[PDB]
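J.: Experimental structure and sequence below.
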Amino acid sequence: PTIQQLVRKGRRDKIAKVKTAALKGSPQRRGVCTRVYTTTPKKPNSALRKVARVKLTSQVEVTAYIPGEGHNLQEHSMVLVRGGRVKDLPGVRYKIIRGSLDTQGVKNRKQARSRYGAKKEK
Amino acid sequence: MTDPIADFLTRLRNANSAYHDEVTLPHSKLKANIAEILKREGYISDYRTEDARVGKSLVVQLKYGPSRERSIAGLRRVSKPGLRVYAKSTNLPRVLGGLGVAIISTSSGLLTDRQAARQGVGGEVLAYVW
Amino acid sequence: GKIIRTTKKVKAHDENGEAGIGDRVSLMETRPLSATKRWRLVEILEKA
Amino acid sequence: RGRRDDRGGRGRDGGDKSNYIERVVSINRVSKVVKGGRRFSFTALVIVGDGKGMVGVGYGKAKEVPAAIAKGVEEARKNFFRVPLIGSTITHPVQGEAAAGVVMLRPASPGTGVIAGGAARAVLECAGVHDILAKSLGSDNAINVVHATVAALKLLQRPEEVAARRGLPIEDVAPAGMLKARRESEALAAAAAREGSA
Amino acid sequence: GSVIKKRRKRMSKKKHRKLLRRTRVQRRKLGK
RNA sequence: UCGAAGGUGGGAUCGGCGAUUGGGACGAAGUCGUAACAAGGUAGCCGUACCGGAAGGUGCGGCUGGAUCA
RNA sequence: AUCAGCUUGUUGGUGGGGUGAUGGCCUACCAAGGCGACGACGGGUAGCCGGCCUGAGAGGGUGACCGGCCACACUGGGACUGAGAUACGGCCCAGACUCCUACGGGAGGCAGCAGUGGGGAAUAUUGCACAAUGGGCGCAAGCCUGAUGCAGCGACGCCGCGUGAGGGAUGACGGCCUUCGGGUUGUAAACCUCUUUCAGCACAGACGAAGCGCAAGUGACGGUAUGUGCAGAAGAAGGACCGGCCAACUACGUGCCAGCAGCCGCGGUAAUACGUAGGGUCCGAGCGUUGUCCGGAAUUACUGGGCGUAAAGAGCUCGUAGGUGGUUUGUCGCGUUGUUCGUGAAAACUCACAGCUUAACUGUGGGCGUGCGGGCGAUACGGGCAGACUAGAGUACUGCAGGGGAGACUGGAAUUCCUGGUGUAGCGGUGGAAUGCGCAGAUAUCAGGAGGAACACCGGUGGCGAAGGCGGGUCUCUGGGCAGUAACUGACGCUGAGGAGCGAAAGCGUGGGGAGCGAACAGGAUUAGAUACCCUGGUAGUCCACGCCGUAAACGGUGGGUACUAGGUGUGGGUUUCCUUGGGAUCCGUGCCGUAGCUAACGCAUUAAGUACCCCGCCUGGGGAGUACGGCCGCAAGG
């Protein structure tokens, strides 16, 4: 607007808007899991979601969601947390890899098959 | 009063939009050259220069068609003070695919886009009319 | 595309003190004559 | 628009002349609250046209979908619109505006293909163009981009018309490449036309 | 426009004013 | 003479933790009222001051994004 | 700039010194500057580039391989040697660490190639050769070379090839649906011929070497590549997805569960959206996920956006830097432009061609290298200089209108109290009442007195002021506007980041004043309950003097300037032509209606939100929040 006003100062982009604060710009981080409690979502979607809060190696304290039917992980398992997005429980935006370092792949999973980590039938 | 030629072409867009027969202007050299170009391309019909309060004046009659329809389908000042747009010879910007014309004031005077192309000189634009 | 007017406070060397404030002096690039005195002026045009 | 494939032993399906190209752009059920509930109706934005470059724009209101489509066909039938071209291209870059609909319609060299979004792609695929280059800036809609595209095609004019407005002998109105494209397109009009006579 | 925007803004403003009533003293002394 | 490290000194500045405390976001469903939307039952809103468990109430000036029409 | 001042070898001079060379590089004296809102000094991050990725381009991201520069070599100083030094595998010192020691003292330095531990989501062998190319020393032979040449390892990437071909039914077995007819898998399979790349086993076996060598030999890769043979369909397919976008649907199983999901959203016993099955679709030695970037995003809009009500016009002016500039003659050639020279290494990129069975790949020749510097040319436009002009701007002169402002003096009606009459039981108040004032003489009425504040009527869609704002009168001092003439000056204009000034009400300080009204504060009433409305009382305040504060729906919700674009009708100020106050024409003002044009719509519409130019402010989803932190101003409230 009034191009000398842009010669003075103007027209810069807004903000990087970083999605995940896992850290480092790293795709997945292994982590020590603690207190694997099960929660209640928002009002149109009522169920019990199986989350676990994980202390990423990156020293931060986050809370990840465990996809699949059940979780092999108990207290102090070395779960490999990737970044995802679950709308349904507020503040949980990370998903634990199933078929990983500690948490075994989902058993009798026969159709989804890459997610949930089920190895092929012999 | 900050731009002379913007008031010129502005007065041609208003007098063209409001179905006028003629228009009156403060005469100057650059407006005389632009009036001579728009004579030579036929966007206006003819202009005459009067003597008036103090200075001379430019009375342009506008060229209409087979009914009330207009020949100048627009003006747009591009080499405006504050962002005076310069043009090398590679491209005298083509206007409306070539159907419109570009009043370009090179070192040889004032030319159109086509004359700036063939004679091999560029160095300005001014407003371009279609 | 705005044709910006910019200034440049160079430093320059008069042996004879021929110039004063407000003048139209010439310049020419030299050897580095001190810490940022890299210009000497010949044929001063107009005095004030 | 379902269950159209049918064979009838009745009087006639009344298939006849004017086998034009007809495109249905969008259908959104339009609701109206009245005392005790909602009354659903239907809007079909109907594009019709022939491959010369005559375009219609129809806007059908009915509480059935093929009824609204047929009323859009009859309304664009009532209201056609001539589009000037060069070969199968467009003449010169324009911008059309229907109150928020911005569409830039720019020509291109042949072979490139109609590159436009779905509303402008509909209005230009019904028309006589095969190779132009458009874009729909603003308003993110179907009705305003169709109507803005038709206003953009109203800002078109012939090279000859421009020459006529300025009282100048062509050559003197166009530049030369576009006159050569006039020679190419009229030459293939002569070839396919004289192959049409035999 | 609507007065709803105006009133949300004003709710914030009110709450803040109250918060400075009650902490007035405390801010003076904790600051001094 | 210069001089790296070391020592003493008082500061700048960037953070981490801190009992307690302020507010903020979300939760369903709880308690208390019903402030706003219809003249929302005292037209609403802005500034400011004072007061009140809370929404708020009042004053002073303003405003129609106010109403019916004495 | 939530970092505004920093600097004393710091800025310049002279004499020395030092250096390969100029020089506060150094030193003694003398002078006292220098650098900064074109962001100095500080803070944060970062090797820079040819390039790479993305994109229509403009631009955005990035700096891996390959290539060019720079900086460093355990951390931090220092010199020496030398043509040349951050001296990685040199020296000296001080540290931190590892190790040897007979305790006196020594030794180390993978950010060379391998390799180990650690950290980590994650990144390879303690390989073979100097045959080729580069490098060193040597007369040469030759010797050295973890540069390089190659090999190993990982679908880590890009490209190519394979897992067969042809025949084959009114379409078998099996599977799952079904309307119980059948339908799909499916020409697919079994079978019947045929062909074998690539893996397999044989035998032959390179080019890279117009090389080196005076020796007779010499290829690390290598018995590899590649040939010619033999046997036989023979050893060779998987992953995602099938509500919508978005190519692809049916059944069974659980029925707000278990789960899904990129967003919209699917699960509450008939889910094409969850799990399994058939089937389909899309890719294919891969296919999905996560992360990071560009794109779509015209969603920071130079190209290419906006600001009446959607986010967005500073409360209003004056003015510093800045940006911008009417008419016209000359000159300069700084912007602009034309042309030629030089340069923009190679590679990449693009076009053509050649080479490898093709391709990726590699090479040759153009173009690209959007730029910069030198020479020569042009002078319309911008600018500089030197001039000229009167239309913008300002001044003089003649009038004219006005709640423009400040100071001073004064006027009456009304309310309240006071003294005194006249005079009695109620007055006041309300939707209805009661607290309340009365019966000690109230309210009522008459006379007089005090005191304060506000100015009925004129007076309204009206005047003036930049905006707040301004109405009893008179006087004194002072500001602006408008018109007319054109007498003067001669572009002195416009806007204006920061900056100073003015700025309702409330509030604040000190000192006065205090009738009416009146927050807070009481009582009464209403009510479930009123911390409320309504009633009775009532302090700060409202008033004046002197200062603060700086806020408002400070609103035309519309920054300032300028030119133009159909009209119609009111009213305010002033000039003139005509009828002779009426009408016209004109300049300035303020309203209502209305075309064109504009707008998302309502609306605006010569007083633009229309058509254009100049400068400023400001906006970038909603909350969080005009809040924290920090600073500035303020007596505080707070801004």
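T.: Noted; the coordinates are in hand. Residues are numbered from 1 along each chain as shown, chains lettered A, B, ... in the order given.
J.: Identify the residue of chain D closest to RNA strand G, quick one.
T.: residue D:99 (3.6 Å; Cβ to the nearest atom of the strand). Heads up, the C-betas are built off the backbone N, CA and C, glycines and all.
J.: Can you report how many residues lie near the residue lying closest to that residue once chain neighbours are set aside?
T.: Excluding its sequence neighbours, the residue lying closest to residue D:99 (Cβ to Cβ, 6 or more residues apart in numbering or on different chains) is residue D:144, at 6.9 Å. Residues near residue D:144, counting by other Cβ atoms under 10 Å in any protein chain shown, number 21.
J.: what packs against the particular helix or strand that has residue D:144 in it?
T.: Assigned by DSSP states H and E, residue D:144 belongs to helix D:143-154. With contacts defined as 3 or more Cβ pairs under 8 Å, 6 or more residues apart in numbering or on different chains; DSSP states H and E, helix D:143-154 has these neighbours: strand D:37-50, strand D:54-62, strand D:80-82, strand D:94-98, strand D:101-107, helix D:118-126, strand D:132-137.
J.: could the ones you listed go into CSV alongside distance to chain A?
T.: As requested, the helices and strands packed on helix D:143-154 are exported to CSV (distance: least, Cβ to the nearest Cβ, whole Å):
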stretch, distance to chain A
strand D:37-50, 22
strand D:54-62, 34
strand D:80-82, 38
strand D:94-98, 21
strand D:101-107, 20
helix D:118-126, 29
strand D:132-137, 19
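J.: Export those to CSV and append columns for mean neighbour count.
T.: Below are the helices and strands packed on helix D:143-154 laid out as CSV (neighbours: other Cβ atoms under 10 Å in any protein chain shown):
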stretch, mean neighbour count
strand D:37-50, 18
strand D:54-62, 20
strand D:80-82, 14
strand D:94-98, 19
strand D:101-107, 22
helix D:118-126, 23
strand D:132-137, 20
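J.: Now the residue of chain D closest to RNA strand G. Its backbone dihedrals?
T.: phi 70, psi -30 (degrees, to the nearest 10).
J.: What of residue A:96?
T.: Dihedral angles (degrees, to the nearest 10) for residue A:96: phi -90, psi 130.
J.: how about residue A:113, secondary structure?
T.: Of the three states, residue A:113 takes coil under DSSP: H, G, I helix; E, B strand; the rest coil.
J.: Other residues contacting stretch D:121-135?
T.: Outside stretch D:121-135, the residues within contact range by Cβ atoms under 8 Å, 6 or more residues apart in numbering or on different chains are D:21-23, D:25, D:47-55, D:57, D:83, D:85, D:88-90, D:103-117, D:120, D:146, D:149-150, D:153.
J.: Using the three-state scheme, assign residue B:34.
T.: Classified using three-state DSSP, residue B:34 is helix.
J.: and if you look at residue D:4?
T.: coil.
J.: Show me the helices in chain B, by range?
T.: Using DSSP state H, the helices found in chain B span residues B:4-17, B:29-40, B:113-118.
J.: can you list those in JSON lines and add distance to chain A?
T.: Compiled in JSON lines, the helices of chain B are given as follows (distance: least, Cβ to the nearest Cβ, whole Å):
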{"stretch": "helix B:4-17", "distance to chain A": "15"}
{"stretch": "helix B:29-40", "distance to chain A": "23"}
{"stretch": "helix B:113-118", "distance to chain A": "24"}
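J.: Measure how buried whichever residue of chain A sits closest to RNA strand F is and give me the count.
T.: RNA strand F sits closest to residue A:43 of chain A, with a gap of 3.8 Å, by Cβ to the nearest atom of the strand. Residue A:43 has 6 neighbouring residues, counting by other Cβ under 10 Å.
J.: Please apply the same query to residue B:122.
T.: 21.
J.: can you give me the helices in chain A?
T.: Counting by DSSP H, the helices of chain A are A:4-8.
J.: in it, what residue is nearest chain B?
T.: In chain A, the residue that lies nearest chain B is residue A:3 (5.2 Å; Cβ to the nearest Cβ).
J.: quick one: that residue from residue B:80, how far?
T.: 9 Å (Cβ to Cβ, to the nearest Å).
J.: Ignoring the adjacent residues along the chain, who's closest to the residue nearest the centre of chain B?
T.: The centroid of chain B falls nearest to residue B:34 when counting by Cα atoms, centre = their mean (4.6 Å). Once flanking residues are discounted, residue B:34 sits nearest to residue B:103: 6.1 Å by Cβ to Cβ, 6+ apart.
J.: Contacts only, for the one you found.
T.: Residues counted as contacts of residue B:103 (Cβ under 8 Å, 6+ apart) are B:34, B:37, B:110, B:112, B:125-129.
J.: for the residues you listed, which one is nearest RNA strand F?
T.: Closest to RNA strand F, out of all of those and judged by Cβ to the nearest atom of the strand, is residue B:127, at 40.9 Å.
J.: That closest one: what's its closest spatial neighbour, skipping adjacent residues?
T.: residue B:77 is the one closest to residue B:127 (Cβ to Cβ, 6+ apart), at 4.3 Å.
J.: Can you tell me what sits against the longest helix seen in chain D?
T.: Longest helix in chain D by number of residues (criterion: DSSP H): helix D:176-197. Applying Cβ under 8 Å, 6+ apart, the contact partners of helix D:176-197 are B:97-98, D:86-89, D:159, D:170-171.
J.: change it to 7 Å
T.: Residues from elsewhere that reach helix D:176-197 (Cβ atoms under 7 Å, 6 or more residues apart in numbering or on different chains): B:97-98, D:86-87, D:159.
J.: what residues are up against the most centrally placed residue in chain A?
T.: Centrality entry for chain A: nearest residue to the mean C-alpha point is residue A:94, 1.1 Å, by Cα atoms, centre = their mean. By Cβ under 7 Å, 6+ apart, the contact list for residue A:94 reads A:62, A:64-65, A:81, A:83-84.
J.: What about residue 12, how many residues nearby?
T.: Picking chain A for this. Neighbour count of residue A:12, defined by other Cβ under 10 Å: 5.
J.: Chain E was what I was after
T.: Neighbours of residue E:12 using other Cβ under 10 Å come to 10.
J.: Tell me if the strand or helix carrying it is near RNA strand F.
T.: Assigned by DSSP H and E, residue E:12 belongs to helix E:4-22. Yes - legend: contact between helix E:4-22 and RNA strand F by Cβ under 7 Å from any atom of the strand is shown at E:6-7, E:9-11, E:13-15, E:17-19, E:22.
J.: Those residues into JSON lines, with extra columns for neighbour count?
T.: JSON lines is the format used below for these (neighbours: other Cβ under 10 Å):
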{"residue": "E:6", "neighbour count": "10"}
{"residue": "E:7", "neighbour count": "10"}
{"residue": "E:9", "neighbour count": "10"}
{"residue": "E:10", "neighbour count": "11"}
{"residue": "E:11", "neighbour count": "10"}
{"residue": "E:13", "neighbour count": "10"}
{"residue": "E:14", "neighbour count": "10"}
{"residue": "E:15", "neighbour count": "9"}
{"residue": "E:17", "neighbour count": "9"}
{"residue": "E:18", "neighbour count": "10"}
{"residue": "E:19", "neighbour count": "10"}
{"residue": "E:22", "neighbour count": "9"}
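J.: give me the subset of these touching RNA strand G.
T.: Applying Cβ under 7 Å from any atom of the strand to the residues of helix E:4-22 next to RNA strand F, those adjacent to RNA strand G are E:6, E:9, E:13, E:17.
J.: that older thread, for the residue nearest to residue D:99, list the residues it contacts.
T.: Residue D:144 touches D:98-101, counting by Cβ under 7 Å, 6+ apart.
J.: I'd like to know how many residues surround the residue of chain E found nearest chain D.
T.: Nearest residue of chain E to chain D: residue E:1, at 19.9 Å (Cβ to the nearest Cβ). By other Cβ under 10 Å, 5 other residues sit near residue E:1.
J.: One more: residue D:73?
T.: 21.
J.: Give me the distance between the most centrally placed residue in chain E and RNA strand G.
T.: The centroid of chain E falls nearest to residue E:16 when counting by Cα atoms, centre = their mean (1.2 Å). Residue E:16 sits 5 Å away from RNA strand G, going by Cβ to the nearest atom of the strand, to the nearest Å.
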